[PDB]
Amino acid sequence: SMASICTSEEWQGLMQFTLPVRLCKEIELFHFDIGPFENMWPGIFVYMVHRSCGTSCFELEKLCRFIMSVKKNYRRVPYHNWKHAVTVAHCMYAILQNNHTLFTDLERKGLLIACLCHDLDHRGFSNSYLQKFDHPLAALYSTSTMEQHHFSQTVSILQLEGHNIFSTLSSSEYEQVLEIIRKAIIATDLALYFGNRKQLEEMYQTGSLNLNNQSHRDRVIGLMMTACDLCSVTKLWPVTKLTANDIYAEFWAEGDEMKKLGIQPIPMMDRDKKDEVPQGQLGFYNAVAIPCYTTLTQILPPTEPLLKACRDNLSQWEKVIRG
Ligand SMILES: COc1ccc(Cn2c(=O)n3ncnc3c3c4c(sc32)CN(C(=O)[C@@H]2CC2(F)F)CC4)cc1
Ligand SMILES: [Mg+2]
Ligand SMILES: [Zn+2]
């Protein structure tokens, strides 16, 4: 196969994890930072699945094997790594906990799994890089290159022995949840977000948005995926700052490769233009993050703490640009 497999040690150790009780109250908050609890991230995902979907939603042995093999199939890149996957999944947990009955049992188990899996086997390169330099992945996946690969890696991992946590769903539900996951992972291609958000904005603003319309439903799930994927801008400012360092470590490394290939990168991927990052952060908050959390909060009012935190980090960036 293409997917690596966890060891017996790794998935057996997971089964006996118990989350410290203090972290039970903290994990429910949107601003929660998994940062200082690395050893607990797999157990934190197990806990989140059990609160959202119930303690016997998956077979524990299959769930731990799945989680530890997902971990192993994230690479040690600066930003698109195992930490990012658990961070995105936790944001989804918080969204779902606060909007619990708006989503089906199938969607909640799908979206938590999709979030943990959404960057599987990321190489540290953008879709743009892969298609520009004719990476083999881009020959295989013409559009949303990495995201098609991530979903393909999710299916590979499910196909590993004893890994298929969804095999006890009905044949129909099995096929529905894999579709829920496929769309959710594809939706994390930020190139698709801008059109998705303008559509949602117009549906909401005209009163036509209807969560029981499946096409509207897919779009709302997609915006949730974006909101989760971007959620470093919803943490406390020192956490947001530290995560920015990882993001730009990965960007700059891409820009270093572009330079080697004789093609100057955009300033935000050029480490000799670090001075421009604060202004680029302001533009990203204004053009992307703020509209995303604003439209999400209009559709799902309980998600407002994300927008509040995002505005707060916008102001910090504005202070950087000033003093
Ligand atoms: C490293 O790979 C990625 C890809 C996507 C994300 C999603 N994302 C994100 O979560 N956060 N959080 C704070 N800021 C960003 C942010 C910004 C993006 S994407 C993005 C684009 N952008 C650039 O500077 C890029 C280089 C360029 F100009 F193309 C402005 C900032 C994160 C990391
Ligand atoms: Mg991605
Ligand atoms: Zn991501």
*Select, from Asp246, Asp272, the only residue that is within 16 Å of ligand 2 (Cβ to nearest atom) and farther than 20 Å from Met92 by Cα.*
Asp246
*For segment 242-249, indicate whether the set of residues that are more than 10 Å from ligand 1 (Cβ to nearest atom), surrounded by fewer than 17 Cβ atoms within 10 Å (Cβ to Cβ), in a helix (DSSP H, G or I) and of a type in the set (A, V, I, L, M, F, W, C) is non-empty.*
yes
*Pick from segment 242-266 the residues that are among the charged types (D, E, K, R) and free of Cβ contacts under 8 Å to residues at least 40 places away in the same chain: which of them is nearest to ligand 3 (Cβ to nearest atom)?*
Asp256
*asked:* Residues to consider are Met48, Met40; find the one that is over 28 Å from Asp218 (Cβ atoms) and either assigned to a loop (DSSP other than H, G, I, E, B) or away from ligand 2 (no atom under 16 Å from the Cβ) (or both).
replied: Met40
_Tabulated pairs, segment 82-101, first free of Cβ contacts under 8 Å to residues at least 12 places away in the same chain, second assigned to a helix (DSSP H, G or I) and among the hydrophobic types (A, V, I, L, M, F, W, C), C-beta under 6 angstrom, 6+ apart or interchain_ = none
_Can you confirm whether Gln279 is in a helix (DSSP H, G or I), away from ligand 2 (no atom under 16 Å from the Cβ), surrounded by 15 or more Cβ atoms within 10 Å (Cβ to Cβ) and of a type in the set (S, T, N, Q)?_
no
*Among the candidates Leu300, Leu261, which residue alone is of a type in the set (A, V, I, L, M) and over 28 Å from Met203 (Cα atoms)?*
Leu261
*asked:* Could you go through segment 161-181 and let me know if any residue there is closer than 25 Å to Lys132 by Cβ, surrounded by 14 or more Cβ atoms within 10 Å (Cβ to Cβ) and out of contact with any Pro (no Cβ under 9 Å at 6 or more places or on another chain).
replied: no
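We place every Cβ from the backbone using ideal geometry, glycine too, and count neighbours over all the protein chains shown. Rule-based calculations on the coordinates, nothing more; no lab input.
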